[PDB]
Structure formats: structure tokens, C-alpha cells
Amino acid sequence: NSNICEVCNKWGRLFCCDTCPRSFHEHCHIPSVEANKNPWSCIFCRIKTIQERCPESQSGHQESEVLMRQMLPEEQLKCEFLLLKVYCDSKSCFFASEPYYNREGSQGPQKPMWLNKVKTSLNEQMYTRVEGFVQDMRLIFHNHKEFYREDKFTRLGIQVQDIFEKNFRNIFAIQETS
């Protein structure tokens, strides 16, 4: 296996996948690495299994249909995976913890949102449809763009949103368009 965490790229106390070479810190994996389970398979492997069991799951879908799906176990897992793909980028650090807003000429958002809040919400089964998870993830980047206005720091929100959206389209097999 790898000797660094797949998510944050640091060494430390690592848990190794039994079915692929990836490794994880306990709370870098989502869900947090499970206490027992020998063998253990990582979220990458669990997602690959879903795909391999239902090859048709990779055919194109409409976003509006995906958003309305109830959060049954496979959709829960897919949203956990999508959240983990965003943490995989180092720029996620800007969006992880609870923000605060005190900038001349701007007012904070009405509904602050951040990655660790979405993580807790998934863990606590607070989302009943894919739509709830996706709306809170998009709200993170929309809040940032609105607050930073013309400051060049706005670009960090575009960047991390692009990682979210590309992974959303991949994981949920959204129909390709121009």
C-alpha cells in the first residue's frame, strides 16, 4: 500500500485498503475508518463495486432526476465519496471550517456553509434527498463568490467548485453535453 493518506497526502497513523493500494487517516476517509472489519475496503473500492454490479449505472442521467433521488445507502455512499473528492484537493482547506465575515464593503451570507458542516450532516443522516447535499455544497462556493466580489480570492471558490462539479458529473454519471 501507499505510505501517505490518499486525501491529505501526509504520513501518519494510516489504515490500508485490503482491495486497493490506497491508505487513509481515520478521519480523512469518509465515513471515518470503521473500527473492526477485516478485510476492509475503502470508499473508492465500494464505489467501484456498485458500478461493477450495475454496469448500466454508468449510462447518462439527467441532473434533475439525480437530485430527486432519496438518500438510500448507495446514494449516501456516492455523496460521501463526492465530499471526499473535494477534500482531496488542497484548496479545500479554505472551505473546511466555519467561516467569518468582516470585510469593508461586503456583508456576510445569510446562510453560511462549510465542508465540515456537510460532513457532520451526512454522518447524522440529515439529508433525505441528493438535492439537499448538492444544494449545501454549491452554497459554499456561491457564498464565497458573493462575499469576495472583485477580490482575486474569489477564484478559489471557482476552482474548488469546478472540482465538485466534475466529480458530481462523474460519480452520478451525468449525461455529457456541450
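In this text, residue numbers run from 1 along the sequence as written.
Undergrad: Identify the stretch, either 124-132 or 33-41, whose C-alpha atoms have the larger mean B-factor according to the entry.
TA: If you average the C-alpha B-factors of 124-132 and of 33-41, the larger mean comes out for 33-41.
Undergrad: Mean Cα B factor from the PDB record: higher for 102-110, or higher for 88-96?
TA: Stretch with the higher mean C-alpha B-factor: 102-110.
Undergrad: Looking at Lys152, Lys119, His27, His144, which has the highest CA B-factor as recorded?
TA: Each of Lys152, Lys119, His27, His144 was compared by C-alpha B-factor; the highest is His27.
Undergrad: Considering every modelled residue of the chain and its Cα B-factor in the PDB entry, is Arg138 in the lowest, middle or highest third?
TA: CA B-factor rank for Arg138: lowest third.
Undergrad: Would you please rank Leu115 by its C-alpha temperature factor against the other modelled residues of its chain and give the third it falls in: lowest, middle or highest?
TA: Lowest third, going by the recorded CA B-factors of the chain.
Undergrad: Lowest, middle or highest third: where is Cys5 by Cα B-factor in its chain?
TA: CA B-factor rank for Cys5: middle third.
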